[PDB]
S.K.: 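Quick one: the structure is below, questions incoming.
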Amino acid sequence: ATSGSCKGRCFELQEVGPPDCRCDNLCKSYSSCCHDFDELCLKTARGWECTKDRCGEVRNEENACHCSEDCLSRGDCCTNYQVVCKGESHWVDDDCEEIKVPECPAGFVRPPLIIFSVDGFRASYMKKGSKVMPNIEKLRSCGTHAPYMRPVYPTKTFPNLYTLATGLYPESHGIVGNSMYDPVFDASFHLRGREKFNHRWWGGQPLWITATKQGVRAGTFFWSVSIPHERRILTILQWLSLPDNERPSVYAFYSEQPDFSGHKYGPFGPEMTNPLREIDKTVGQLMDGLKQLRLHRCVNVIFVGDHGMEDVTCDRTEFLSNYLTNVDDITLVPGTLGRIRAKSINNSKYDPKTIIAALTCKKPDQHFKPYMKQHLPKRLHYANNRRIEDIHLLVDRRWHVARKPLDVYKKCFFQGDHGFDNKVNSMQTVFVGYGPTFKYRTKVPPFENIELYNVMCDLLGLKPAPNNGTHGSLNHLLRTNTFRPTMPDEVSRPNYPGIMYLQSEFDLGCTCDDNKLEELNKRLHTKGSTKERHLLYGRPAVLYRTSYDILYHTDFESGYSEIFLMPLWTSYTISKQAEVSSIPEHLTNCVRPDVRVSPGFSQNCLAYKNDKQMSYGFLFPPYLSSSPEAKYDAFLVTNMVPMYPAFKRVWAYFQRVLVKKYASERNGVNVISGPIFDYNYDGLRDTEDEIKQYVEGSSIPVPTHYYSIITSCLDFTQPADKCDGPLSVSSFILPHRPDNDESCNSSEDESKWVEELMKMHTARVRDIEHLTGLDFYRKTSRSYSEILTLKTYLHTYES
Ligand SMILES: *[C@@H]1O[C@H](CO)[C@@H](O[C@@H]2O[C@H](CO)[C@@H](O[C@@H]3O[C@H](CO[C@H]4O[C@H](CO)[C@@H](O)[C@H](O[C@H]5O[C@H](CO)[C@@H](O)[C@H](O)[C@@H]5O[C@H]5O[C@H](CO)[C@@H](O)[C@H](O)[C@@H]5O)[C@@H]4O)[C@@H](O)[C@H](O[C@H]4O[C@H](CO)[C@@H](O)[C@H](O)[C@@H]4O[C@H]4O[C@H](CO)[C@@H](O)[C@H](O)[C@@H]4O)[C@@H]3O)[C@H](O)[C@H]2NC(C)=O)[C@H](O)[C@H]1NC(C)=O
Ligand SMILES: O=C(c1cnc(N[C@H]2Cc3cc(Cl)cc(Cl)c3C2)nc1)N1CCC12COC2
Ligand SMILES: [Ca+2]
Ligand SMILES: [Ca+2]
Ligand SMILES: [K+]
Ligand code: NA
Ligand SMILES: [Zn+2]
């Protein structure tokens, strides 16, 4: 009913209720603007720049922007007014000067935040395009910057923007791709069209809602595509001239570039220079505009991207029609990832298992890998949403997957795309923070975009909604407004059992072929005399209610669960000088009762014998025993964990070859290893009643994954066990699978495939925390914020 008027309502902040016509920055996208929105709100006359001949003009309200004497008080000068007309310098030409305190006009309650978001802005543009982005380069060198910022998977636009807004993984906020089917709604979300505007898609609590609920006003973050960038900037600057009670504190600008051009020309196409220059000019308009309003040393500015851009061409397409015969029985969500479901829920013939097998290791250079979603690397956090299809294809960088060839030429055109694994270098994007609350001329390590919501909340004095950030992990970006987290309280205290059972009380079906001076010696070991060597950062805290025992040994310490009948964690240190040994022949099948732990709270060997699929391994490796006599400890029933034979090939190579390799490279390592149970693929520790698989005929639960946390000194001139300073960590969460179908070269020696598997399943310590309910690094000499940053670190193994 577009017969209302936008008079005095241009870019109004409260969108008004149909069937009244709209005047807000999204009205165009809903074809809902008042009849006079273009005439009143999208003025273009005379362009965007003051010229010497306009200086002091008589106000003409038709002009896009003003060069009249009254313009600063009206808040609608062209951004270069003071430069052209009052002998001022452009912001970019001014020296960098530290902003120690906010320098704001009277009536400003808090420094505003402006988020300048750029689509497709790959991390390496900051160096490669530096010659043509002076304004961006100044923000970067004068403020706080990371070398790169890691997006979420899939590295598509809307999943990443909404992660920036919420602090949530896509599985949690519900925007899991740029297209989706929700079976509960029976409804589809797409880029083109109207369903995507329905609020039921968008979960969690985005920043503008967090602000509004807590009494902080927000500019609307979404801009209709036809609103020119110059008008977006002028609109933000006009909002910043509103009266105190009406003026927002948080704003977002968005640019569709350089993504738009990158899809057409590739990430480094010669055509990409111009888009980067134009974005830089837009940054210059904002900063000049702020300087005119005396806000350039008041506002915090974030310059942030959603994802990068890779070289991708029509010819690098894999076709499912080359693998499946049944291609017409499937629906594929295609491109830089694949998602497969049945075309018809009425076809009881459709079988996921046969589709996976037809797609598994079928061609020698296959450029995609199929996964059941629960088997994807846990670091992707891409499974716990009904909108994510059970079958997933992880597509190699530089490739696409499509159903049939005709999908690719009845839809070559494009040279860039994005969407791949969020570890891929080409997908990485940018972060710069500039302002009073950010640090001065500071470089920070790369971090994940899920962390920024918390920081944006800190910048605005908001309490964040519950999210997947680790609040405090990015305190090192900030001068002020830091978040002083406290360590979580331990919920369960350990028991410390001594010797309480005789050997003959155990009827576990286990067998094992097994002085006065050093009788005392091994008593001391069982009492924890070496514990300072093997437990370097304190005992992990158990953050849930359970029954567990601390068990000391010469070579390792463990926290042994009476409920799960195995360790929650096993901690050991391997020095650079440590020697690897074999398992002696007489000890091959040795398993020994632990006289500290009751038979009723022990595993038993007969279950493993009876279970024809399931074998066992050990958490502390027998290969790394300090002495023949200490080795006996490694065969305790309390150190045993269930392992499929296929997995034991992985585990044995880790333990026998790789731990020593890491100790020699890193100058000793401390290893914490353990099981993980995540049968409902939610990324969170399972309770006992969630476990779907036990060792046959027993109560021994089968892990879904095995973790290790491998810590050393960041200054590798110091040994892991005498480190005075910051730590270095790498971790993994390996899937506990009955086959090695994930690894196409698994018929070869482990030296050819195991380490590449482990790299794909790299993890953060925080990922393991979620999955175990344990809290690590509780007793270090480091600040808690520093430890939070360490727990969020991901070792990516990119070149
Ligand atoms: C990343 O950070 C996020 C945020 O902190 C973490 O997610 C939280 O995890 C908690 C545990 O999984 C979860 O708590 C549950 O929430 C239920 C209430 O849910 C609604 O209310 C909140 C508050 O406003 C809201 O945010 C929720 O939003 C979800 O759902 C809507 C769709 O309806 C979406 O729009 C939105 O995108 C979001 O979806 C995501 O989460 C849901 C689960 O809530 C998933 O199913 C989706 O796939 C998607 O990931 C909701 O609108 C509450 O009812 C639960 O309480 C039950 O659960 C346990 C027992 O299981 C018990 O304590 C209770 O007694 C109760 O049991 C009864 O219900 C059971 C389940 O039906 C039933 O089986 C029993 O038999 C009983 O009847 C529970 O508290 C919290 O909602 C989410 N929040 C978000 C935003 O996702 C996430 O874990 C972090 N990730 C990692 C890896 O760390
Ligand atoms: O595509 C976009 C679009 C527009 N405006 C924006 N603005 C960004 C700025 C920002 C910053 C953060 Cl921190 C977080 C979020 Cl969610 C956002 C949204 N994004 C996309 N438009 C809206 C109409 C269409 C064309 O297809 C849909
Ligand atoms: Ca994008
Ligand atoms: Ca779980
Ligand atoms: K067996
Ligand atoms: Na294989
Ligand atoms: Zn794109």
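The figures here come from the full heavy-atom set of this structure, side chains too, leaving out hydrogens, waters and symmetry mates. If you read the sequence from its start, that first residue is 1, and numbering goes on from there.
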S.K.: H418 side chain to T155 main-chain N or O, any donor-acceptor pair under 3.5 Å?
M.R.: yes
S.K.: So, are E798 and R397 salt-bridged, with charged N and O less than 4.0 Å apart?
M.R.: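 A salt bridge is present here (some side-chain N lies under 4.0 Å from a carboxylate O).
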S.K.: Does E49 pair with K281 as a salt bridge, N-O distance under 4.0 Å?
M.R.: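 Here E49 pairs with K281 in a salt bridge, since their nearest N and O are under 4.0 Å apart.
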S.K.: Aromatic rings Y162 and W208: how do their planes relate, parallel, tilted or perpendicular, breaks at 30° and 60°?
M.R.: tilted
S.K.: Going by ring pair (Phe, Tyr, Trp, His ring centres under 6.0 Å), name the pairs with one or both residues in residues 122-150, residues two or more places apart or in two chains.
M.R.: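 Every pair satisfying ring pair (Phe, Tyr, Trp, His ring centres under 6.0 Å) with a residue in residues 122-150: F121-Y125, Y125-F268.
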S.K.: Flag the pair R398 and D417 as a salt bridge only when some basic side-chain nitrogen lies within less than 4.0 angstrom of an acidic carboxylate oxygen.
M.R.: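 Between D417 and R398 there is no salt bridge, as every charged N stays at least 4.0 Å from the carboxylate O atoms.
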S.K.: Check whether NZ of the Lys or CZ of the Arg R22 lies under 6.0 Å from the centre of the six-membered ring of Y30 and within 45 degrees of that ring's axis.
M.R.: yes
S.K.: What verdict does the side-chain contact (heavy atoms from CB on, under 4.5 Å) test give for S249 and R217, after you've listed the backbone C-alpha separation in whole Å, the side-chain angles of each residue and the deciding distance to 0.1 Å?
M.R.: CA-CA 6 Å; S249 295; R217 267 169 257 89; 5.9 Å; no
S.K.: It should be assessed whether the SG atoms of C21 and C34 lie less than 2.5 angstrom apart.
M.R.: yes
S.K.: How about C67 and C50, are their SG atoms within less than 2.5 Å of each other?
M.R.: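 The answer is yes, since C50 and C67 bring their SG atoms under 2.5 Å apart.
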S.K.: Between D458 and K463, does the salt bridge (charged side-chain N to carboxylate O under 4.0 Å, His left out) criterion hold? Intermediate values first, please.
M.R.: CA-CA 8 Å; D458 291 338; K463 178 169 180 174; over 6 Å; no
S.K.: Less than 4.0 angstrom from a charged side-chain N to a carboxylate O is my criterion; do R232 and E256 meet it?
M.R.: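 Salt bridge between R232 and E256, a charged N being under 4.0 Å from a carboxylate O: yes.
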S.K.: Please say which of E230, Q292, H66, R54 ends up in a side chain to side chain contact (heavy atoms under 4.5 Å, CB included) with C78.
M.R.: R54
S.K.: If the threshold is 4.0 Å, N to carboxylate O, is there a salt bridge linking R74 and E61?
M.R.: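 Salt bridge flag = yes for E61 with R74.
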S.K.: Looking at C23 and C6, are the sulfur gammas closer than 2.5 Å to each other?
M.R.: yes
S.K.: Give the ring-plane orientation class for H400 versus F414, where under 30° counts as parallel, over 60° as perpendicular and anything between as tilted.
M.R.: tilted
S.K.: Regarding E98 and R479, does a basic nitrogen lie under 4.0 Å from an acidic carboxylate oxygen?
M.R.: yes
S.K.: Assess whether a salt bridge exists between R46 and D53, defined as any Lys/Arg side-chain N lying under 4.0 Å from an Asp/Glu carboxylate O.
M.R.: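 Judged by the 4.0 Å cut-off on N to carboxylate O distance, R46 and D53 do form a salt bridge.
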S.K.: Using a strict cut-off of less than 4.0 Å between a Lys/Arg side-chain nitrogen and an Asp/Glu carboxylate oxygen, indicate whether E69 and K86 qualify as a salt bridge.
M.R.: yes
S.K.: Judged by atom type as modelled, is there a donor-acceptor pair below 3.5 Å linking the side chain of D119 to the main-chain atoms of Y254?
M.R.: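 Such a contact is absent between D119 side chain and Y254 backbone.
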S.K.: What I want to find out is whether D94 reaches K291 closely enough, with some N-O distance under 4.0 Å, to be called a salt bridge.
M.R.: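 Answer for the salt bridge query: yes.
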S.K.: Salt bridge check: are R200 and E195 linked by an N-O gap of less than 4.0 Å?
M.R.: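 Here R200 pairs with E195 in a salt bridge, since their nearest N and O are under 4.0 Å apart.
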S.K.: Answer yes when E62 and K43 have at least one side-chain N-carboxylate O distance shorter than 4.0 Å, and no when they do not.
M.R.: no
